[PDB]
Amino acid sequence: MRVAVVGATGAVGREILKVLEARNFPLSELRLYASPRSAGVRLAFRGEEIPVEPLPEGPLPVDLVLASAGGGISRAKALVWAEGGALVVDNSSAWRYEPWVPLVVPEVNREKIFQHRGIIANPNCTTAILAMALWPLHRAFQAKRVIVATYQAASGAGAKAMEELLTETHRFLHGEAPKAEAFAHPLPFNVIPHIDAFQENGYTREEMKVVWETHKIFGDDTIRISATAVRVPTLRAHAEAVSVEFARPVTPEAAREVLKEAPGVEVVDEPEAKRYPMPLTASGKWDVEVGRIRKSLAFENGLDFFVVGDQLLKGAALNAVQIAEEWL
């Protein structure tokens, strides 16, 4: 199974090698691709060093293409590739909101993988994990209203921004005013209620995704979803205080056992033992932790939970994993 990795040198692309390694993904070939910028650099796989070819304006030669190199190139290459007979999984937002491409999270609509006709859209970060937990609640209790507050990380802004936070928080401690460059403002010791592009209704493209992606990933345009994407001083883990109004009578004790069964969703819920989800323990694991399950006081039949999932893994883990299923 010849596989290409368009985007290699990026945060996702780089994690894409290790999970791809860690799941013992059975390749045959090994192809890393980047735009000219990284035309001559080397990464590492199975301890063995592998080159990074710049992308050639001309489709060849692979079975599977795992794209994590912006929408510029993806919007531009998707078709060209799947035509060469390569299965295309893109982590960018170029084909997501398109009627012919399935937007999949293996815990939910794996069924859609085989409804593809050349490409498959990898979901947003904030959406993937939130689904990993919100998938089973929906199926069991039918939601109708979600209100999330995001505690997003630096990795979401790429690797250069993950680094910025290190160096910046560093100069901060030493007196010198943070040199904001990778974010809209200086992020050390602060929060930016601004993740993406502001639309006409007030929300940002990021916020708006929590909805359009859900409405499709679940195939239910009927769920009322509100969300505030906020950037915070954290390396690679996304946090999101969630709330929901249900059809069926919830029970923090019924959502628990149920949650206690869902795949890839470590339940982490113990107040007495100061035991709840945290980027402290979420970052690194393939799972998403979920805690603070409590009978919501806001809604007449609601729940307030907290969720954490590694942000670079809910890019790459669900990627290299959609393929593992393609196999199925």
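For every residue, the number given is its place in the sequence shown, counted from 1.
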- Which of the two stretches, 225-233 or 180-188, shows the higher mean Cα temperature factor in the record? 180-188
- Message: Per the record, averaged over C-alpha atoms, which has the higher B-factor: 147-155 or 67-75?
- Response: 67-75
- Note on the structure: Highest CA B factor of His238, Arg171, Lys160, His215, as deposited, is found at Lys160
- Select one of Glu200, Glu253, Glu164, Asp220: the residue whose C-alpha shows the highest B-factor in the crystal structure entry. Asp220
- Relative C-alpha B-factor of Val41, binned into the chain's lowest, middle or highest third: highest
- Can you work out whether the C-alpha temperature factor of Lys209 puts it in the lowest, middle or highest third of the chain? lowest
- Message: Ranking the modelled residues of this chain by C-alpha B-factor as given in the entry, is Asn124 in the lowest, middle or highest third?
- Response: lowest
- Query: Hey, what third does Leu328 fall into on Cα B-factor, ranked over its chain?
  - Reply: highest
- Ranked against its chain, the third holding the CA B-factor of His194: middle
